[PDB]
Every structure is written in C-alpha cells, then in structure tokens.
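Everything below concerns the one structure shown next.
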Amino acid sequence: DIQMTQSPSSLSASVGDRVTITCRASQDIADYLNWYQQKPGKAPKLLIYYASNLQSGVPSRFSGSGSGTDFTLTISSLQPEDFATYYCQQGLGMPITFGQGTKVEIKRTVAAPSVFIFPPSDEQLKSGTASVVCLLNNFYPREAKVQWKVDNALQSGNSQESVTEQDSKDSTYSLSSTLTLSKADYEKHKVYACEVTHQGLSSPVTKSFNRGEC
Amino acid sequence: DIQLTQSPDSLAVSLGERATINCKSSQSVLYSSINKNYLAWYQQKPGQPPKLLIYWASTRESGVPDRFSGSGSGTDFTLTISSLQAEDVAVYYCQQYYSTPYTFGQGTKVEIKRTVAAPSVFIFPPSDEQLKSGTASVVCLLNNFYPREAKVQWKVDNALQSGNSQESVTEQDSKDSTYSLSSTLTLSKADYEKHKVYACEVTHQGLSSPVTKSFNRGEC
Amino acid sequence: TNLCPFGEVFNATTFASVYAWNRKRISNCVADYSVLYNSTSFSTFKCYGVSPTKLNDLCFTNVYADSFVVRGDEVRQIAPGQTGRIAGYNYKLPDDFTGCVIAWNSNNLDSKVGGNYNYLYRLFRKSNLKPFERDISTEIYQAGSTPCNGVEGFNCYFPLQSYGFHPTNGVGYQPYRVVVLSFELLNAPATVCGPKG
Amino acid sequence: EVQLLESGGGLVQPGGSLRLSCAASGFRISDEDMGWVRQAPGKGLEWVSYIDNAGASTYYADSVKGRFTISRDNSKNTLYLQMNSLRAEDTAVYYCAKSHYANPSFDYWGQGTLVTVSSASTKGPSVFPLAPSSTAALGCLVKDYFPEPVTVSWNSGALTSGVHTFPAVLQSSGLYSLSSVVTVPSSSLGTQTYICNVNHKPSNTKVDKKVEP
Amino acid sequence: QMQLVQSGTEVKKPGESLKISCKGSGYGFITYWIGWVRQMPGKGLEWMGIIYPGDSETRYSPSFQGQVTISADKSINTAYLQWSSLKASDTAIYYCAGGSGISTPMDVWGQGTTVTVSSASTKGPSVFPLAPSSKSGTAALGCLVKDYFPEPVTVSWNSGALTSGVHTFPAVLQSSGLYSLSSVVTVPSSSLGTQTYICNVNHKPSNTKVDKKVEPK
Ligand SMILES: *[C@@H]1O[C@H](CO[C@@H]2O[C@@H](C)[C@@H](O)[C@@H](O)[C@@H]2O)[C@@H](O[C@@H]2O[C@H](CO)[C@@H](O)[C@H](O)[C@H]2NC(C)=O)[C@H](O)[C@H]1NC(C)=O
Ligand SMILES: *[C@@H]1O[C@H](CO)[C@@H](O)[C@H](O)[C@H]1NC(C)=O
Ligand SMILES: [Cl-]
Ligand SMILES: [Cl-]
Ligand SMILES: [Cl-]
Ligand SMILES: [Cl-]
Ligand SMILES: [Cl-]
C-alpha cells in the first residue's frame with residue numbers, strides 16, 4: 001500500500017491564524033493528492049483535488065500545494081467553524097489510502113466551566129438504579145477534572161464521562177459525568193458532591209446536594 | 001479476404017422498367033456497434049471515374065435520384081433501379097468496406113433492352129496502297145445489330161483462321177440502342193497472295209442462318 | 001436544444017494520464033461536429049467505421065468521449081488492432097471500433113523546464129486489457145520466478161511509470177492530448193444528434 | 001443537484017449479512033466512479049470498495065476481500081454493497097461516494113449509515129428527567145439502550161439554543177447511555193414548558209418527556 | 001466538400017520508374033484517407049491500397065503488396081503511387097479515391113491517370129481506304145487508321161458535315177505494339193458520283209493530320 005502520514009496529528013490555533021498541515025506519501029503520487037474536511041457527525045467534504053485545485057463551494061481560505069511525495073494544506077484565516085479533522089488521500093491508484101487525519105481545534109480565551117449537579121429522578125430509583133449527573137458547561141480548554149465524593153469519600157471506578165465536540169461558534173466544550181450507584185447504596189449515604197478542577201478557576205469548585213431536598 | 005460476386009454479369013431492361021443487380025459476400029459485413037452493413041454501390045460510365053450511389057447497404061448519397069435503392073442484409077444485397085432512364089446505362093459495382101483490403105464485385109453492365117435486329121454485314125479487301133507495304137488487312141463490318149452477342153469467322157479458301165484477327169465493338173447508340181462490330185484479319189502479303197476466296201461468316205440471333213460476305217483476290 | 005459538452009472534453013485545462021484515462025458519456029444533446037473537422041489545430045484525426053462529414057446527419061444513443069495524454073510515438077497505438085504497451089496495458093480499442101481518434105501536440109501545455117512528471121503510463125501487466133477497460137491498480141508486478149509480497153526490488157517492479165515531458169524533447173517524446181469519440185446505437189431512442197438529425 | 005441517499009444499515013449478528021444501498025440523483029449512477037468508504041467509531045477513514053465508469057471494474061480492500069460485493073442497478077440508479085460473513089471489526093459508519101475522475105477523488109458523499117455487528121439484543125432506552133434546581137440548566141437522561149443511534153430534540157425542534165446532546169458512553173452492562181442538557185434563562189422556568197424528544201429507531205421507540213421542576 | 005485532382009497522362013518504356021500524384025482540396029482534408037484503384041482496359045476495379053496522410057499509415061492489398069509504394073506529402077495534401085520498374089502489364093488507368101476514414105465508402109474520386117507502358121515510340125498512323133463494293137439500298141465505306149502510337153486519334157467525315165450513320169470503333173492493340181482502328185459511315189447515298197467522302201484523322205501526339213478520299217476502286 002501507499003502509506004500516507006500527516007503532520008501534525010493535532011493542533012491548536014487561534015481565530016485568524018494561518019494553519020499548515022502536511023502530508024507525506026511513501027511513494028511518488030505526482031499531483032494525485034486530495035484533501036478532505038470532516039466535521040463532527042457529518043460525511044467528509046472534498047476541499048482540494050489534484051494537489052492544488054479548489055472544489056466548488058469551498059472558500060479560497062483553503063489552498064493546497066506540493067507534488068511527488070510532499071504536500072501541504074493551508075488555511076489562511078482560521079475560523080471557528082473550521083474545527084474539524086482533515087484527511088489527505090492519494091488518488092494514484094488502488095488501494096485508496098488516507099492519512100490518519102489531523103485534528104484542528106480552535107484556541108480560545110480561557111473559559112471556566114459552569115457546574116451543575118442533577119440528583120436521581122424518582123422514576124429511576126423506582127427502577128432500582130441511581131444516576132447522579134454533573135454538568136460542566138461551556139469551558140475552555142478541554143482538560144478538566146471531575147471528582148465524585150459521597151460523604152466526602154473519594155469515588156473511583158463507578159463513573160463515566162463524555163465531552164461534546166468543540167462548539168463551531170464560541171469554541172467551548174461541555175462535559176457530563178455520570179455517577180452510577182445501586183438504589184440501596186444511594187439510600188445509605190447522604191452527601192453527594194461533584195468537585196471540578198480547571199485552569200479557569202482559582203480553586204476547585206464543588207456542587208453538592210443532600211439526598212431528598214428541593 | 002471478403003469476396004463479392006455480382007449477378008447477373010449483364011442486364012438489359014426496357015425504358016421505365018425495373019433493373020435488379022445482386023451482390024453476394026463470402027462473409028457478413030455488419031458492425032454491431034451501430035447495426036449497419038458496410039456495402040456500397042457505385043455507377044461508372046465510359047471515360048469517367050466511378051460515382052458513389054449507395055452506402056451502408058441502403059442509404060443514398062447526396063443528389064442520387066430516388067430511382068436507385070439499396071436492399072439486403074447478411075451476405076445478400078441488391079441494387080434496384082425502379083424505372084430505367086437513358087442516363088442509367090452503365091456498369092454498376094458493389095464494394096465492401098467492412099475491413100481492408102477493400103474488395104469489389106466484378107461489375108454488372110446495364111444496357112437498354114431492344115427488339116432483336118440483324119446486322120448489316122460488309123467486307124472490305126485490302127487497299128493496293130497497303131499491299132505496297134507488305135501487309136494486308138481485310139475488314140468485316142457488322143452494322144446496327146441487337147443483341148451484342150455475335151460471332152464472326154474468317155475463312156481463307158474455306159480454311160478457318162485463328163489468332164490473326166481482332167475485333168472491336170461500339171457502345172450502344174443513344175438512338176437506335178444497337179451495337180456495331182468491326183473485325184480485322186491481318187495477313188502477310190505473301191500469304192494473302194497465296195489464296196483467293198476471302199470470306200466473313202456472321203452468326204447472330206437476328207439471322208436465321210450465318211451470312212457469309214466474301215470477295216476473290218484480284219476481281220473488280 | 002441542449003448543446004453537447006464537447007468543449008469540456010477538448011478544452012480541459014489538464015488531461016488524464018493514459019492508465020487512468022477519462023471517460024464521459026454524452027447523450028440527449030445536439031452537436032456540431034464540424035467544429036471538430038473544420039479545425040486546423042489537430043495533428044491527427046483518424047476515424048474508423050463512420051464518416052465525420054456525415055455525423056451532422058446522424059443520431060446515436062450514446063457518444064463516449066475518452067481523453068488522455070501519451071507521447072507522440074504512441075499516438076498511432078490508439079487504434080484497433082494495435083500492439084504495444086499502450087494498447088495492451090493502458091487503453092484498448094475493439095476490433096469493430098466505431099468513432100474518431102483526434103490528437104494534437106500539447107508540448108506548450110504539458111511540458112515544463114525541469115520536466116513535467118505528472119503524466120503516467122502502466123508499464124507492466126499480467127495480461128492485456130479488454131476493450132475500453134481501465135486499470136488503476138498499483139500492485140507490485142512480479143517479473144521473475146520470485147514472489148514479491150508487495151515490496152519493490154529485484155524483478156519486483158512498481159507497474160506505473162512517469163513520462164518525462166521536458167520542452168526540449170524530440171517530437172516523438174513530446175506530450176500529445178488525445179480524445180476518442182465512440183458512437184453507439186442500442187435498442188433505445190437515439191438522443192445525441194447533429195443539427196440535421 | 002447531486003445527492004446520495006444511503007439506507008440498509010443496522011444491527012446484524014456476527015457472521016450475518018447485510019446489503020447497503022445508495023440511491024443517487026442528479027447524475028447517472030454508472031457515468032462516474034463510485035465507492036464505499038467506512039469509519040469505525042472514533043477512527044479514521046478506510047476505503048472499502050470501488051467500481052469504475054469504464055468497464056465496470058471493481059476493487060476491494062484486503063480487509064473485506066471475498067466477503068463484500070459492490071454493484072449497481074441502473075434502472076434504479078442505485079449503488080449496492082453486499083456484505084457477508086460480518087465481524088465485529090466491520091462495525092462502522094459506511095459512506096457511499098462519487099468520484100468525477102478516474103484517479104479517485106470523492107467530491108460527493110452520502111450521509112452515512114451505521115452497521116453494528118454484535119450478538120447483543122436490541123433494547124429501547126429509558127428516558128428520565130434531569131430536573132432543574134432552585135441562567136439555569138435542565139436535561140434528559142436517555143439510559144440503557146442498544147444499539148446506536150438515538151436522536152434528541154427539544155420542544156419538537158424549536159429549542160436549539162444552548163443545547164448540548166452528549167456522545168453516548170458504553171456502560172459496563174454493554175448498554176449505551178446518553179444525556180441531553182439545555183441552558184435557559186432562570187426566570188423563563190415558570191412560564192415555559194420543556195419537552196425532550198427521544199427517538200430510537202433500532203427499537204422503534206419514541207418518547208416525549210416533560211421535565212418539570 | 002472535397003476534390004481530388006490527379007497528374008497527367010503517362011507514356012513510358014518498360015523498366016522505367018514512375019510516380020503519379022493525387023491532390024486534395026476542400027474542407028477537412030485531415031479526416032481523409034486516400035486509396036488507389038487500378039482499372040485495366042475493359043476490366044473492373046482493383047483496390048491497391050490506402051494511406052492516411054496525417055501519419056502515413058499505409059495498407060496494401062495482398063494482390064499489390066511488394067509491387068508499388070504508396071506515400072504522401074502532408075504539406076501539400078498530396079498522395080502518391082509509384083513503381084520502380086514498369087512492365088507492359090502495368091498499363092491501365094489509375095484512380096485515387098478518398099473517404100473520411102477507414103471502413104468508409106469512397107465518396108470522392110479523382111479523374112484518373114492513364115498509364116501506357118510499351119516499348120514502342122511515337123508514330124503517326126497510316127490511313128487506308130475501306131472502298132465501298134460496287135454491288136450494293138444502302139452502301140458502306142470507311143477508313144482504316146493503322147499503326148499509330150500512342151493513343152488517341154480522332155476521325156471526322158467530310159469535316160464534321162456527315163455525322164449520321166458514323167461508327168468510329170474503339171482502338172485495338174496489335175502484337176506489334178502499335179494501335180489501329182476503323183471509322184465507317186453508312187452512306188445510303190447511291191450517289192458515289194461527286195458525293196465527296198473524305199476522312200480526316202488527327203494523331204495529336206505525333207502532329208499527324210491526314211485527309212484521305214475513299215473512292216470506289
Ligand atoms: C475549444 O476552444 C477553441 C478556442 O477557444 C477560443 O478561445 C478561448 C480563449 C475561449 O474564449 C473560447 O470561448 C474560444 O472559442 C474553440 O474554437 C473557436 O470556436 C469559435 C466558435 O466556433 C470560433 O469562432 C473560433 O475561431 C475558434 N477558435 C479556434 C478554432 O482557434 C472551440 O470551439 C472550443 N471547443 C471545442 C469543442 O473545440
Ligand atoms: C467549414 O468551413 C467553411 C467556413 O464557412 C464552410 O465552407 C463550411 O460550411 C464550414 N462549416 C461549418 C459548420 O462551419
Ligand atoms: Cl500550523
Ligand atoms: Cl503487450
Ligand atoms: Cl520504459
Ligand atoms: Cl483483463
Ligand atoms: Cl473486476
């Protein structure tokens with residue numbers, strides 16, 4: 001196969017900056033190189049065909065150059081909507097091979113998370129399972145730490161979290177952490193708290209509820 | 001190679017009636033891409049290059065009158081003149097251009113059909129001036145006969161002559177639609193002076209029996 | 001009343017490599033073929049099975065416009081019954097080919113000081129192509145008795161090779177752009193015509 | 001305009017089979033090259049199969065050779081990928097795409113369809129409220145379903161501002177769980193009504209949930 | 001359209017070389033293939049070969065391969081047919097014919113080039129009378145035009161005055177290599193007495209004009 005190696009694998013860049021992504025081919029593919037953009041939950045979109053030709057409907061902010069074994073995609077003025085994974089793909093012949101992708105994140109001001117806590121609904125407890133949900137809304141950068149504590153007891157192994165992809169408008173992230181307990185374990189203890197650590201905060205912020213309030 | 005055979009070799013039809021010429025190929029001439037047979041018909045008149053009449057078996061060339069039509073498929077094709085007119089008297093060829101080498105049919109001569117007419121035969125002895133050279137030519141003339149098939153035989157003292165005569169025939173006359181033939185017997189002066197009776201015997205359908213015209217060397 | 005997109009074919013900015021020859025099917029339009037045969041810009045114009053002077057009177061169900069670049073000495077290979085690396089390994093026409101092969105020198109567009117190496121041909125293949133078949137495979141060709149296992153080496157050749165189009169090349173080694181027009185009449189309405197068809 | 005509409009994906013047993021279709025419009029399915037490219041969850045793009053606009057030559061990656069077959073139906077203007085002897089590693093979003101050049105360059109892509117290969121059984125989600133306490137936030141917990149995907153809207157599509165529907169996490173039980181939050185003005189709590197619309201097609205379950213304080 | 005114009009008449013000795021030409025003029029000559037056709041006297045058409053001037057691709061009939069060279073100058077739209085050593089059996093008329101492609105009809109023809117190959121030299125004819133017999137409603141007389149090379153000769157009777165009943169026969173090649181023909185007029189004119197009957201023959205290749213009066217011996 002013709003191996004395609006992109007560089008870098010990820011990058012952060014502020015709005016308006018010039019972003020340069022390179023693609024190397026293990027063999028000479030002449031000008032048969034293509035660049036695609038893929039945004040969360042959508043099919044890839046062709047940006048550049050034949051090393052340097054811009055597809056219809058794609059803005060001239062994107063351009064491409066190179067030939068033989070070395071190629072470059074350039075975004076002249078990075079916009080918040082350009083957050084995406086960018087792939088190269090040789091079209092010299094079969095088998096078709098893609099590069100591993102380059103994840104482009106937009107660098108933003110430091111935004112501190114807004115933390116909310118949600119106690120288990122009554123229906124779920126009737127089902128016999130308790131799920132507590134901690135929400136970290138509209139923060140930057142992505143690195144955060146969520147720490148569940150029940151009666152000030154450090155929890156571990158009983159929680160999952162997922163993060164939304166970067167927002168195409170304000171470039172922030174959001175994170176939901178779910179602590180799953182049995183209904184019995186839930187009715188045993190009293191204090192349920194979510195401790196959040198982030199660069200935007202002077203100290204970790206904690207949001208708590210006492211079991212059975214308003 | 002693809003071979004073409006025309007039938008008939010000659011054809012006589014009256015004015016305003018239909019003439020039909022056939023062409024048989026040793027192999028099909030069909031392109032499956034467009035479903036066409038690669039066969040053409042040309043007309044040639046004396047002293048002129050051939051003129052393309054029909055291509056793709058049945059398509060008329062620009063300006064070709066509607067009297068001519070092409071027909072057939074596979075290995076059997078037909079040129080048809082629906083009503084002959086004086087300007088249709090000519091030799092018609094079929095030709096395949098399916099693949100090189102291009103090949104022609106042997107050609108079919110088309111003449112106007114006429115009522116049978118017997119030839120008027122004349123014999124001409126050699127001139128005394130030609131005999132001064134050392135060679136003698138006797139000429140027999142068959143004037144205004146139809147059909148064209150006619151046989152002349154030279155008899156010198158009732159001996160049949162072979163290989164010392166040549167013939168020539170005119171083309172069908174634009175008015176009488178008949179032919180005319182001239183035959184020349186060439187002898188050395190010595191052999192000419194060794195014999196007496198010089199005879200031309202003509203056989204033709206217009207004659208119930210061969211007509212012999214003769215002279216005797218040295219008689220007024 | 002729709003004009004056939006022959007201009008897109010003949011006046012394209014860049015042509016295809018011959019191993020990856022381009023094909024565009026054309027129908028449901030009217031075409032003025034004279035724009036082609038009234039031209040003085042073509043170096044060769046070899047038609048097979050049909051008269052271009054009679055195309056303006058004809059309708060077909062499809063017209064295929066294939067196009068690519070080869071070097072000058074190989075232009076003659078674009079024809080039925082040819083033998084060679086182009087006819088065998090890259091672009092092959094059938095024995096009963098019905099269409100026109102139109103080619104012109106493009107040294108000013110496709111050659112370059114320093115050399116244009118972006119046009120490629122297939123040099124090796126295990127068997128000859130069928131008519132109108134394309135092959136964009138890049139497997140390692142085993143030339144000898146030793147298996148290759150997808151790595152270049154001795155008797156193990158990458159099957160594609162570049163033309164080296166420099167402007168100083170002899171005319172036989174200069175780039176020529178080639179358009180092939182195929183005409184086909186199936187059991188279907190014939191919708192691509194000349195003006196008089 | 002060119003459009004490629006995919007269908008046929010879903011849950012299939014290991015070793016089972018499935019046929020994906022890609023109905024095209026705006027061009028004739030056989031005039032341009034067509035291919036299938038897949039993406040396993042969170043991974044890169046992998047080309048799977050291809051068919052050209054010349055002699056209908058076909059191509060397959062080694063990872064699917066002998067099991068997949070690409071074809072077209074011209075009368076339906078549709079592309080097909082028949083997949084046999086499916087394995088867990090075949091679980092992916094499958095895309096059909098068109099290439100306008102003989103050198104593969106995919107200029108139009110289908111929306112994609114998810115193919116899940118697993119022995120697990122289809123189960124519909126339980127939807128619970130994430131009630132707001134006393135700018136505020138409220139949500140819906142779409143818990144314990146299989147397979148993916150689910151769709152969540154808010155107020156039947158009107159409420160799309162400040163809404164974060166989180167990616168699903170696979171739980172220890174092997175069932176997916178998900179949550180959808182929305183940020184709304186605090187004063188608007190008493191006046192407004194908030195409904196989360198959860199749709200799980202694989203199990204054919206639609207749940208409209210009222211989330212009240 | 002398209003027109004093909006061929007070179008002039010040729011009269012050659014055996015062993016001599018020869019090259020005849022064929023020029024195209026008209027729209028779209030680049031599409032045209034030029035073939036050569038032989039027609040021996042009184043015979044049919046024999047295809048010899050074809051050439052595409054654009055790249056000089058040349059195909060010969062197996063009956064003619066090895067015997068001739070077909071070529072073309074594309075800078076003057078001209079195709080050529082040539083021999084290196086003519087034989088008397090090469091005597092024929094040669095046509096060029098064009099078609100806008102291979103496997104296409106021959107839709108345009110040249111006017112033909114007559115080629116006579118013979119060891120004979122230019123010679124004017126001897127005219128002898130075909131005296132009418134004294135026996136004779138209608139009589140017949142004529143003139144024998146013998147031993148002339150090359151063709152042709154023209155015959156008129158009483159200086160174009162008598163045209164009815166005239167039959168001038170096609171020439172004939174004698175074993176000597178010289179041609180001969182006869183012209184005969186059926187004069188039913190019993191006359192034969194100051195009716196005046198002279199034949200005028202012109203052999204332009206030899207500047208030979210001869211009048212001869214045909215009188216009863
Ligand atoms: C392909 O292009 C040629 C030439 O293009 C011309 O110049 C370009 C800069 C652009 O402006 C084109 O629109 C021009 O046509 C075309 O040939 C010309 O055709 C027109 C109209 O038939 C004629 O008046 C010109 O004389 C032609 N110029 C030539 C022959 O040099 C041609 O029609 C285009 N299409 C095809 C299929 O060849
Ligand atoms: C081609 O050339 C000349 C230009 O007028 C003319 O005789 C002929 O009709 C032209 N045809 C077209 C279609 O331009
Ligand atoms: Cl960069
Ligand atoms: Cl070969
Ligand atoms: Cl080489
Ligand atoms: Cl093959
Ligand atoms: Cl195949």
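Here's how to read the names in the structure tokens: chain A, B, ... by the order shown, residue numbers from 1 in each chain, ligand numbers from 1 in the order shown.
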
Handout entry: Nearby residues, ligand 6, 12 Å, only C-alpha atoms and all ligand atoms, as a ChimeraX atom specification
Key = /C:88-92,125-135,137 /D:55-57

Practice task
Might you pull out every residue within 6 Å of residue 142 of chain E, with only C-alpha atoms counted and same-chain residues fewer than 5 positions away left off, and present them as number ranges by chain?
Solution key: E: 130, 183-185

File of the preceding selection, C-alpha atoms, as an mmCIF file, in the first residue's frame:
```cif
data_model
loop_
_atom_site.group_PDB
_atom_site.id
_atom_site.type_symbol
_atom_site.label_atom_id
_atom_site.label_comp_id
_atom_site.auth_asym_id
_atom_site.auth_seq_id
_atom_site.Cartn_x
_atom_site.Cartn_y
_atom_site.Cartn_z
ATOM 1 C CA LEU E 130 -12.255 0.919 -96.983
ATOM 2 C CA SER E 183 -14.202 4.522 -88.821
ATOM 3 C CA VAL E 184 -17.140 3.582 -91.033
ATOM 4 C CA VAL E 185 -20.046 5.640 -92.373
#
```

Handout entry: atom CA of residue 98 of chain A to atom CA of residue 50 of chain A, straight-line distance in Å
Key = 14.5 Å

Exercise for the section: Would you give me, as a count of residues only, the residues of chain C that come within 12 Å of chain D, using only C-alpha atoms? Expected result: 34

Practice task
Give the answer as one residue: which of C:83, C:1, C:11, C:38 has the shortest atom-to-atom distance to ligand 4, using only C-alpha atoms and all ligand atoms?
Solution key: C:83

Exercise for the section: Dump the neighbourhood of ligand 2 as a PyMOL selection string: all residues within 9 Å, distances computed on only C-alpha atoms and all ligand atoms. Expected result: (chain C and resi 32-35+37-39) or (chain E and resi 1+26-28)

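For ligand 5, the neighbouring polymer residues at 9 Å or closer are residues 123, 161, 162 and 163 of chain C, only C-alpha atoms and all ligand atoms being used.
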
Exercise for the section: Show me which residues sit within 8 Å of ligand 3 when counting only C-alpha atoms and all ligand atoms, and put them as a PyMOL selection string. Expected result: chain A and resi 11+13+18-21

Can you spit out the residues from that selection as a PDB file, in the first residue's frame, using N, CA, C and O atoms?
```pdb
ATOM      1  N   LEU A  11      -3.568  19.968  16.432  1.00  0.00           N
ATOM      2  CA  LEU A  11      -3.016  21.306  16.567  1.00  0.00           C
ATOM      3  C   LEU A  11      -4.090  22.237  17.103  1.00  0.00           C
ATOM      4  O   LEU A  11      -5.282  22.050  16.842  1.00  0.00           O
ATOM      5  N   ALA A  13      -4.974  26.443  17.274  1.00  0.00           N
ATOM      6  CA  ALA A  13      -4.638  27.705  16.636  1.00  0.00           C
ATOM      7  C   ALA A  13      -5.783  28.681  16.843  1.00  0.00           C
ATOM      8  O   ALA A  13      -6.953  28.289  16.829  1.00  0.00           O
ATOM      9  N   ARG A  18      -2.821  31.368  10.518  1.00  0.00           N
ATOM     10  CA  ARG A  18      -2.548  30.556   9.340  1.00  0.00           C
ATOM     11  C   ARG A  18      -2.151  29.156   9.793  1.00  0.00           C
ATOM     12  O   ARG A  18      -1.175  28.991  10.534  1.00  0.00           O
ATOM     13  N   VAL A  19      -2.911  28.156   9.351  1.00  0.00           N
ATOM     14  CA  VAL A  19      -2.717  26.769   9.757  1.00  0.00           C
ATOM     15  C   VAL A  19      -2.136  25.997   8.582  1.00  0.00           C
ATOM     16  O   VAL A  19      -2.648  26.082   7.460  1.00  0.00           O
ATOM     17  N   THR A  20      -1.068  25.246   8.843  1.00  0.00           N
ATOM     18  CA  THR A  20      -0.373  24.466   7.826  1.00  0.00           C
ATOM     19  C   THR A  20      -0.340  23.004   8.253  1.00  0.00           C
ATOM     20  O   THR A  20       0.189  22.675   9.320  1.00  0.00           O
ATOM     21  N   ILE A  21      -0.910  22.133   7.423  1.00  0.00           N
ATOM     22  CA  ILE A  21      -0.925  20.692   7.653  1.00  0.00           C
ATOM     23  C   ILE A  21      -0.188  20.030   6.500  1.00  0.00           C
ATOM     24  O   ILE A  21      -0.444  20.348   5.335  1.00  0.00           O
TER      25      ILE A  21
END
```

Exercise for the section: Mind checking which residues fall within 9 Å of residue 79 of chain C, counting only C-alpha atoms, ignoring those fewer than 2 positions away in the same chain, and posting them as a list in words? Expected result: residues 46, 48, 75, 76, 77, 81, 82, 87, 92, 93, 94, 95, 97 and 101 of chain C

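Distances to chain A were evaluated for C:53, C:98, C:106, C:116 using only C-alpha atoms, and the minimum falls at C:116.
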
Practice task
Please return, as an MDAnalysis selection string, all residues of chain B lying within 7 Å of chain E when only C-alpha atoms are considered.
Solution key: chainID B and resid 40 48:49 52 55 97:99 101:104 106:107 124 127 130 168:170
